[PDB]
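Just so it is clear: chains get the letters A, B, ... in the order the sequence lines come, proteins before strands, and each one is counted from 1. Because only heavy atoms are used, hydrogens play no part in the values below, and waters and symmetry mates are left out as well, while side chains stay in.
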Amino acid sequence: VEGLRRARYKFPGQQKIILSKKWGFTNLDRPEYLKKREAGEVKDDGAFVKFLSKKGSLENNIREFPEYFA
Amino acid sequence: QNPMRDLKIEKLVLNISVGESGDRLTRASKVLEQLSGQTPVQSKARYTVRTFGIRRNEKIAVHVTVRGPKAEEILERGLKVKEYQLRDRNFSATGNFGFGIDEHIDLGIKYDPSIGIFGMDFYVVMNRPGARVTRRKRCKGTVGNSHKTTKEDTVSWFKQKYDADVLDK
Amino acid sequence: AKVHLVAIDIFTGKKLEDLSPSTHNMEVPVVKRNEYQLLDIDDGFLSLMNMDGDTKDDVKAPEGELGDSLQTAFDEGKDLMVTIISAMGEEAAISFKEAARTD
Amino acid sequence: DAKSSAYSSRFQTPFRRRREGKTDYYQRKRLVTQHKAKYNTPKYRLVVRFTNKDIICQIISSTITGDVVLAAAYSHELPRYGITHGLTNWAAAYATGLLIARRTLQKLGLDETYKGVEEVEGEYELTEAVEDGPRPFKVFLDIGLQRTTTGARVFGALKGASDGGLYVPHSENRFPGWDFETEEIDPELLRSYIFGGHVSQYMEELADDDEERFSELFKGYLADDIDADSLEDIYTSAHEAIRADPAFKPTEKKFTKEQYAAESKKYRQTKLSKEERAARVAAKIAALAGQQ
Amino acid sequence: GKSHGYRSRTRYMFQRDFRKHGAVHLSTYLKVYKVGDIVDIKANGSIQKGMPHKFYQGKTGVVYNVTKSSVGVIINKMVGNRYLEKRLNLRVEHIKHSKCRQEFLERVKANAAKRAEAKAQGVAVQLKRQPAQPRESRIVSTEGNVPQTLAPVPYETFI
RNA sequence: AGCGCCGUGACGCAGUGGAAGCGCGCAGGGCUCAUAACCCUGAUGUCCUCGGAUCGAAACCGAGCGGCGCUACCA
RNA sequence: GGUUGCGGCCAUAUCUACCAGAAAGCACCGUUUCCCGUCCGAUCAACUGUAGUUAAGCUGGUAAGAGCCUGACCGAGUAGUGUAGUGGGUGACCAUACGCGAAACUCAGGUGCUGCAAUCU
RNA sequence: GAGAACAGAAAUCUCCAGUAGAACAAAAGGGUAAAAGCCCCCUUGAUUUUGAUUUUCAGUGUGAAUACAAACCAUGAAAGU
RNA sequence: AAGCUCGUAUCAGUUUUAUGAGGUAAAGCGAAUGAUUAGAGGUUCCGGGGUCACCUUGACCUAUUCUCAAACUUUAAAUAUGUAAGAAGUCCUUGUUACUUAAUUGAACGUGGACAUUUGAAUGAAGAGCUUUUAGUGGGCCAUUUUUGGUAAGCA
Ligand SMILES: [K+]
Ligand SMILES: [Mg+2]
Ligand SMILES: [Mg+2]
């Protein structure tokens, strides 16, 4: 927070500091991201993650996210 | 399985890619003409590479396509200098197979000067009865996946017919 | 503005000078150069051949320091390629080069 | 392989019959489009289509809702007129063109006039508009994707229709017996092709040559004891019968439409409901991931 | 310098529609135009013959002349302080019938039918269209539909 | 600030959209006791870079780099 | 209901993988004396419809399939925008009043319909 | 992509995939896949007589273009162009 | 300015109904074309410096991920914009023609007959149409909104 406060002085005009309610750089809230790791709907990637959906090839949805359907 | 699903050669293409045009081209044309029993077709260079000493439309190559028992008996002769022995390569994923031999004028036919010596690429194309559906003008279609030619099927037929061997490079 | 111009005639080699306002138009010739292969030179009058076998026995052999050197380099052979400049209904040989490849 | 999603999304599918490879819409536009100052005059097409074992001839005009057939003639009904063999030869093409011509003229009421070419001589001759009378029925040949070639059976149908009475514009360029060096049509050779002479002379030539090939071909002729010399009169009688009675008697049609429906319905695979699809998905989840 | 050619500024309106390129369907060529028909001009970009000028894209006019492959369309064009009669020769690719004039002709037939019935029974059939009238009274029953709603909602960040 | 021109072998420079040349310089042998001169023979180049158009660019186009320049007047 | 000929709208029709196809039709298919066309009867020409096969085409099904189509008070009356004020704000911009109003997103369904003519266990 | 003596990253040949990602003299934009591209066979409609029309517009000229008419032709089996 | 032909209309800087046309605003980039941040997993007969079929700068592919466009775009407003809402109409017979049809088929124009006062939305209409002839003018500037160049300007 204070590092971003120092970065603020380098920009013209007004800037706010906002605490996000999203887990990291994901678009999901923290309780729903917790609900998704307790299930098998989140698989790690480079720095981001991939999500499991009801749509697409079924056998693809088992080869990815293997520990779900258990 | 089904006797209408057996393999057969549908064409064999004899190719000579000469460096230039002129006396060498005309000799190669006479070689291909006599060997095929048909008049061959010449091929012009697509673009000027000029590192091979070629220019556009120069007529640098000569080739001919033969079908039927003609191609059966030329292929029969052409495998002799290979002693009925090809490689695990020389077979394509699409089922077609080919080889090139550096003097076939001297395989079975007469040599004489003013014609010189040459090497020919033999390229065989395999298919099954029903390949008309991808050549005919009306209601042109595509071969079904179970009907396609594959490298393993071509190898199996090439081993059993003409009692040959592969993979022995 | 005005432009003072000094130039050499491409045929007679004479200096010509002229001057004109910078925004009026002057004529520029449609000067073109052509490759020819040097056949016989008999009474002067170099006989030349185009990229085809069609012949130009029409151009006087140069009588200057380039022309005599051309004749000397021609007597022993070593087939030459002569350039002809052909602006405004006049033609003249201006250069000559030894063929590079295909000895 | 493995076409991309963006490829599938941006792909423009051709017209359905172009994908089926059955219609040349470039040729069709010129065949079908009418002079606007002839506002509601239909442009009639003599559609000739050649499949294996059959010949199809149709007089077709166009509407917005689809093409409408004025009259149609098929090769396979020729046994009523006396042709039970060679149902696809050039002579059969002539006979089916004559059948569709006479049938069309009978339907439109143009039989009292416009008899066409009564005596066949193979002479390049259109149907002339009679003096002080209605014009002949005018159709344009529609050969489809057939290649244009001197001696094609589709031009045999064109000849048969024109000699049968319909006015169809054409040239003797593509008829057999047309020499290439000179612009001259041979009526003797064209007559032989019209009356099946080439097949006939093939029969004597092949039989004199050998027996193993001629045994297998022309088995029906041997079965009915038909000589090659006997083709001229039977084709002549076929034309006579066609000109006598083109009335188009259909089949008696045993096993009525409803019975045909009940016969072919009960063996036809039908679409599964969404509930069945869901139950398949659920069971496949249990099968493919239920710890084997 | 400036550029004001015939097809200038027509980059997007002479496009074909997305996934709608290629040949024209035959119903364009099977449509019959008579003199007096009212048509809409919309250029098909794949046919460069008989193409209307960019001005007449979207204009509606009356057919005055019918030729082999084209119609003559009369358009009123505002030039200065008056309308000038403009006569266009357009292939039928760039031309479609005015559907509004199709419902007008159907309404004329319907009006004749209403008057024909009223001439026998039910006089004063009142042909003319009327604008949307104000609503009449009604009784909105509450039984099973008890009103229930809350107030405005507090502000939340949602970021 | 605006505009124009130039860049090629070690050096100075030519150069016709079909792979580059003159003069020296350099190299090998010879002659001389030796070097030079002399004689007989060879070799030396993304043509400033990086892309583009062309079948093919040293040349044409777009940028980038390094030099040379020109205008700079009425107040 | 199936199939064929010609089609209309031109993916709900397309694409990827697999399975199934009574009867008829279509197709593959056999041959080169004839007309015709090729480097090559492979395409096209002609002959037989006979010698054979549904292997392929074709038609349907299967797929938490791709695409495509339709809908939703799903997002969202959000973004945008017309009109109005001696509205607010230093301003960028913003609200309100009288009006119009998306696209992504999410979810849900669907995956050709049909005209004329002939034929069919 | 997979293959074929020399042949290799680039010479010719073959198959599969390939909505155009090519080509269409020349800027750029639009248009086009049994074609408007490529190859082949014919040809001169790049003709005669005028009028009408569109764009720039004064509703003048010039340039360019569109659709007919009356002839004579080209091409094709023909519709047609 | 002079009027002329007529006397409520062949109308309208407007709305409604119906029907078109458009590619801006916005949006989009795990959709095309360009631009662009970061990793992950596979592909070295695609060159990896490494020892006998490898983690170890690359390039390619695939699924993702951050950010964009006056001369990009699937989608796509608001405002503005075309046309129609009838008597010069509609329907029924049967007349003309050298055009058109296979045709006694159409096309266009008609004779005769039928449609009644809501003659086919709303509001208004101050008279409606038409013609001749001639003046001055042909430096503009300001404001809200949209908008280009410019650091900007009481700038252009
Ligand atoms: K625009
Ligand atoms: Mg033109
Ligand atoms: Mg003034």
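Proximity of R50(B) to the phosphate of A19(F): a side-chain N or O atom is located under 4.0 Å from OP1 or OP2. OP1 and OP2 of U12(H) both lie 4.0 Å or more from every side-chain N or O belonging to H63(B).
Nucleotides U16(G) and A63(G) meet the pairing criterion: a Watson-Crick or G-U wobble pair with both donor-acceptor distances under 3.5 Å.
Closest contact between the side chain of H25(E) and the listed nucleotides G82(I), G3(H), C9(G) involves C9(G). Each of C39(G), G115(G), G86(I) was ranked by its minimum atom distance to the side chain of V108(E); first place goes to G86(I).
Atom NZ of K97(C) has 12 or fewer heavy atoms from other residues, nucleotides or ligands within 6.0 Å.
Between the side chain of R115(E) and the base of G120(I), at least one donor-acceptor pair of N or O atoms lies under 3.5 Å. Checked by distance alone, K42(E) brings no side-chain donor or acceptor within 3.5 Å of a matching partner on the base of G82(I). With hydrogens and angles ignored, no donor-acceptor pair closer than 3.5 Å exists between the side chain of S8(D) and the base of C15(G).
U19(H) has its base stacked against the ring of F11(D), the centroids being under 5.5 angstrom apart at an interplanar angle below 30°. By the 5.5 Å and 30° criteria, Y47(B) is not stacked with the base of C55(F).
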Could you list, one pair per line, each protein nitrogen or oxygen that sits under 3.5 Å from a nitrogen or oxygen of nucleotides 119-121 of chain G, together with the distance?
{"from": "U119(G)", "atom 1": "OP1", "to": "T251(D)", "atom 2": "N", "distance (Å)": "3.0"}
{"from": "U119(G)", "atom 1": "OP1", "to": "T251(D)", "atom 2": "OG1", "distance (Å)": "2.8"}
{"from": "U119(G)", "atom 1": "OP2", "to": "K253(D)", "atom 2": "NZ", "distance (Å)": "3.1"}
{"from": "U119(G)", "atom 1": "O5'", "to": "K253(D)", "atom 2": "NZ", "distance (Å)": "2.7"}
{"from": "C120(G)", "atom 1": "OP2", "to": "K253(D)", "atom 2": "NZ", "distance (Å)": "2.5"}
{"from": "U121(G)", "atom 1": "OP2", "to": "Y260(D)", "atom 2": "OH", "distance (Å)": "2.3"}

